[PDB]
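Quick notes on the structure that follows.
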Ligand SMILES: NC(=O)c1ccc[n+]([C@@H]2O[C@H](COP(=O)([O-])OP(=O)([O-])OC[C@H]3O[C@@H](n4cnc5c4nc[n+]4cc[nH]c54)[C@H](O)[C@@H]3O)[C@@H](O)[C@H]2O)c1
Ligand SMILES: NC(=O)c1ccc[n+]([C@@H]2O[C@H](COP(=O)([O-])OP(=O)([O-])OC[C@H]3O[C@@H](n4cnc5c4nc[n+]4cc[nH]c54)[C@H](O)[C@@H]3O)[C@@H](O)[C@H]2O)c1
């Protein structure tokens, strides 16, 4: 089992750490535009590994060949702002990075699944799937899983117990929504309060701590697990839709089944009201793609 | 089981994350001079927790009362340099911080064990034990464990397999040494190369990645585990010596037994040559304490 990470930044290295703690990993590859960082992260991670008596081959660098063999590759590479920048300006900057990476991944690990994390995630995962020859089963995004975790946290805070299934789907962004219909748990809540707490926790965390790190890391892990362990779990995933729920030519968050072969839309029955909301997010997402030439 | 962290910085939060991934923790408390950071780390950590269906009470802030109940408290709080500063200047600055913390911990979690991590670790753990009424079993330092992990990594790299026990003891610093005598593993190495690779890996990692983070985090975890799970493991620990191996009135790295009651010197038989080296580190450490008024 080889794991690839493009981007050894905060989220890249921490999510890899997480996988190291919780997966039977043989090799870990870290590729980043900043070489010494990739390398330095690879060293630290190995020192960590020895503390749970694990000794995988962990290599970090700036050359994409390191990725050969990766069963799957987490792509966190990208930019921040200059808080005088703009969502659009960044989308362009990062879109360039994702294009460039897509090529690289195809000509080094042409058979690997790809987990897109770079924000705006739903848009970047789409640009990744388009820019690489790949089928829609080998390219998908981490997002709603993270949103969901946050959801479950506010639910337990609101008295709910035995929470199997509470999901958020749609755009990993303002346009997100809870799938009330699929929610299952003991205790009564207040979807008003909860759904709203969730749209800007991300921002509240970024305000205080600097970035969202551990939340995202775990969500990435659960998605990697599901695949490298062929668990067949269903996890809200940013998927390329090509008919499903009435939605076409965009990536957006939907219940998906993960396993060795990647992701495939679970096709779970959604409320009528919820397919509306899903179509909302797709329109928003579609527009933001056009602004970019996709 | 409550865990306390004083310092929500890189090492503080990451080591707590690690504990969250691998321990049955009921509450986690994060105290830091920077409030919003402690708070922001507490939020992120909870979002993480929900992803492995854990829902402990995780609280972060700048008020030390948050620590009441902590079975044990990891202290990572402290400073960096201005790379035009000096080891001594920092030792003074941090010594102040440790003194101040010792008081705080005593008047909020007077019964908790204390894991000292702040560098220079052996010196800070001593100042912690002195400045708090506490017995030498409730105050100790993380260091050699980390050095050891690094050791095991260079050993496996050098062909060695089935490595039960490879330890580094003495000063967590230039003055450290391998306990060749206690080393057990299949395969032949080259203690020359290895022991030397180890003294400045730390520095090589800091050069490239910025700081040592994941290595330290795991080592802290293994020490917390050993205690909160009363495992009775033996781990190279910076212990206050009061007779052992011919050494007095200083903290320095030695095989220790960890468990519910804290740490106690394992009193393992060391080479004659190795008790020399141990006495070396103690002299060096003792001098550095005097420079500080201890
Ligand atoms: N989907 C989610 O829910 C979610 C949650 C949280 C965060 N995110 C997102 O993930 C992204 C990264 O999040 P992050 O905090 O880890 O960001 P970071 O710490 O700055 O590390 C970035 C690294 O990439 C590097 N780098 C820059 N350019 C390139 C590059 N690598 C390769 N190439 C090749 C060509 N160009 C490049 C650079 O050298 C640096 O080391 C951001 O968009 C976040 O919003 C998503
Ligand atoms: N022993 C080992 O092997 C080992 C390995 C690696 C590193 N270390 C050492 O651990 C220490 C921290 O390592 P680190 O990378 O995590 O450092 P950091 O990211 O800067 O986070 C520091 C936090 O403390 C904060 N803070 C500052 N002052 C106070 C405070 N908190 C409370 N009080 C009360 C009074 N004064 C203060 C501040 O607000 C910040 O959030 C350094 O000495 C490292 O060398 C040891």
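No lab work stands behind these numbers, since they all come straight from the coordinates. Don't worry about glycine lacking a Cβ; one is built from the backbone with ideal geometry, like all the others, and counts go over all protein chains shown.
Here is how the number arises for chain B: DSSP H runs of 4 or more residues each give -39500 (n - 2.57), the sum is divided by the residue count, and the result at 222 nm is -13500 deg cm²/dmol.
Once a ≥ b ≥ c are taken as the square roots of the eigenvalues of the Cα gyration tensor of the stretch A:180-227, is the result rounded (a/c under 1.5), prolate (a/b larger than b/c) or oblate (a/b not larger than b/c)? The shape class here is oblate. Of the Cα atoms belonging to the protein assembly as shown, the radius of gyration and Dmax stand at 24.8, 79 Å.
The ratio of the alpha-carbon radius of gyration of chain B to the globular-protein estimate 2.2 N^0.38 Å is 0.96. Dimensions of the stretch B:202-271 along the principal axes, based on C-alpha atoms and rounded to the nearest Å, stand at 40, 29, 22, largest first.
Starting with the highest mean, order B:38-50, B:228-240, A:92-104 by the number of other Cβ atoms within 10 Å, averaged over the residues of each peptide.
The densest-packed peptide leads the list: B:38-50, B:228-240, A:92-104.
At q = 0.17, 0.21 Å⁻¹ the log10 of I(q)/I(0) for the stretch B:30-138 amounts to -0.86, -1.13, computed by Debye summation with a single uniform scatterer per C-alpha, solvent ignored.
What separates the residue B:233 label point from its copies, with the point 7 Å along Cα to Cβ, is 2.5 nm, written shortest first.
Note on the stretch B:123-180: Kirkwood radius taken over Cα pairs, Stokes-Einstein applied at 37 °C and 0.692 mPa s, translational D equal to 252 µm² s⁻¹.
Peptide A:201-211: average number of partner chain Cβ atoms within 10 Å per residue?
Taking the mean over all residues of the peptide, I get 5.
The packing ranking of peptides A:129-135, A:118-124, highest mean first, is A:118-124, A:129-135, where packing means the average number of other beta carbon atoms within 10 angstrom of each residue. For the stretch A:143-294, the share of alpha carbon pairs falling in successive 10 Å distance bins from zero is 11, 38, 38, 12, 1 percent.
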